[PDB]
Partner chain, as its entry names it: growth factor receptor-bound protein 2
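So this first bit is one chain, no partners, the form solved without the partner chain, shown in C-alpha coordinates.
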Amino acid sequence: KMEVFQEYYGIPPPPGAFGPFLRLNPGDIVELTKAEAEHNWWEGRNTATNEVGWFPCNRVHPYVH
(Lines give C-alpha, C1' and ligand atoms only; values in the text may rest on other atoms or scores of the structure.)
Protein backbone atom coordinates (compact mmCIF):
# COMPACT_ATOMS: atom_id res chain seq x y z
CA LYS A 1 0.00 0.00 0.00
CA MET A 2 1.43 3.34 -1.05
CA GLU A 3 0.53 6.84 0.08
CA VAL A 4 0.66 9.69 -2.43
CA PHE A 5 2.99 12.56 -1.34
CA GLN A 6 2.81 14.63 -4.55
CA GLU A 7 -0.40 15.30 -6.55
CA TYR A 8 -0.77 13.77 -10.01
CA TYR A 9 -3.46 14.76 -12.51
CA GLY A 10 -2.25 13.27 -15.77
CA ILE A 11 0.50 15.73 -16.56
CA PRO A 12 2.74 14.35 -17.90
CA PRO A 13 0.56 11.53 -19.29
CA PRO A 14 1.63 7.87 -18.95
CA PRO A 15 4.29 6.82 -21.54
CA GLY A 16 2.92 5.63 -24.87
CA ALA A 17 1.66 2.10 -24.23
CA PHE A 18 0.74 2.54 -20.56
CA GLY A 19 -3.01 2.72 -19.98
CA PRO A 20 -5.20 5.55 -18.58
CA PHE A 21 -3.60 7.78 -15.97
CA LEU A 22 -4.86 7.59 -12.41
CA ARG A 23 -5.64 10.90 -10.65
CA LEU A 24 -3.87 11.11 -7.27
CA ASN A 25 -4.27 13.62 -4.42
CA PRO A 26 -1.61 13.92 -1.70
CA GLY A 27 -2.61 11.52 1.04
CA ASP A 28 -4.63 9.15 -1.13
CA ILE A 29 -3.83 5.49 -0.34
CA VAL A 30 -3.16 3.38 -3.44
CA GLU A 31 -3.31 -0.45 -3.79
CA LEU A 32 -0.73 -1.47 -6.39
CA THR A 33 -1.79 -3.71 -9.24
CA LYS A 34 1.32 -3.61 -11.49
CA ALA A 35 4.82 -2.46 -10.51
CA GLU A 36 7.91 -3.75 -12.32
CA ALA A 37 11.54 -2.93 -11.60
CA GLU A 38 12.41 -1.84 -15.12
CA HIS A 39 9.61 0.73 -15.41
CA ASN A 40 9.14 4.17 -13.95
CA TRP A 41 5.35 3.93 -14.04
CA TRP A 42 3.13 1.75 -11.88
CA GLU A 43 -0.53 0.79 -12.02
CA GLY A 44 -2.87 0.65 -9.05
CA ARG A 45 -6.26 1.49 -7.54
CA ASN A 46 -6.72 4.80 -5.74
CA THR A 47 -8.76 3.53 -2.75
CA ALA A 48 -10.14 7.05 -2.20
CA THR A 49 -11.94 6.95 -5.58
CA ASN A 50 -11.88 3.23 -6.62
CA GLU A 51 -10.38 4.38 -9.92
CA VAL A 52 -7.59 2.33 -11.58
CA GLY A 53 -4.71 3.52 -13.78
CA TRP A 54 -1.02 4.43 -14.26
CA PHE A 55 1.04 7.03 -12.44
CA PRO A 56 4.75 7.89 -12.06
CA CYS A 57 6.21 5.84 -9.21
CA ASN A 58 8.10 8.96 -7.98
CA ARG A 59 4.83 10.42 -6.62
CA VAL A 60 4.26 7.74 -3.93
CA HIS A 61 6.01 6.01 -1.01
CA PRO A 62 5.03 3.24 1.46
CA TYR A 63 1.92 4.04 3.50
CA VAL A 64 2.80 3.87 7.19
CA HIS A 65 0.08 4.75 9.67
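Positions refer to the first chain, counted from 1.
Asker: Could you check which stretch, 38 to 46 or 16 to 24, carries the larger mean CA temperature factor in the entry?
Answerer: According to the PDB entry, the answer is 16 to 24.
We do not show the form deposited with the partner chain bound, though everything after this point is about it.
Asker: Report yes if any heavy atom of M2 sits within 4.5 Å of a heavy atom of the partner chain in the deposited complex; otherwise report no.
Answerer: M2: contacts the partner chain in the deposited complex.
Asker: Can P14 be called a contact residue for the partner chain in the deposited complex at 4.5 Å between heavy atoms?
Answerer: Contact check for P14: yes, within 4.5 Å of the partner chain in the deposited complex.
Asker: Wondering, does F21 line up within 4.5 Å of the partner chain in the deposited complex on heavy atoms?
Answerer: Looking in the deposited complex, residue contacts with the partner chain do not include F21, since no heavy atom lies within 4.5 Å.
Asker: Contact with the partner chain in the deposited complex for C57, defined as at least one heavy atom pair within 4.5 Å: yes or no?
Answerer: Taking the distances in the deposited complex, the answer for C57 is yes, it comes within 4.5 Å of the partner chain.
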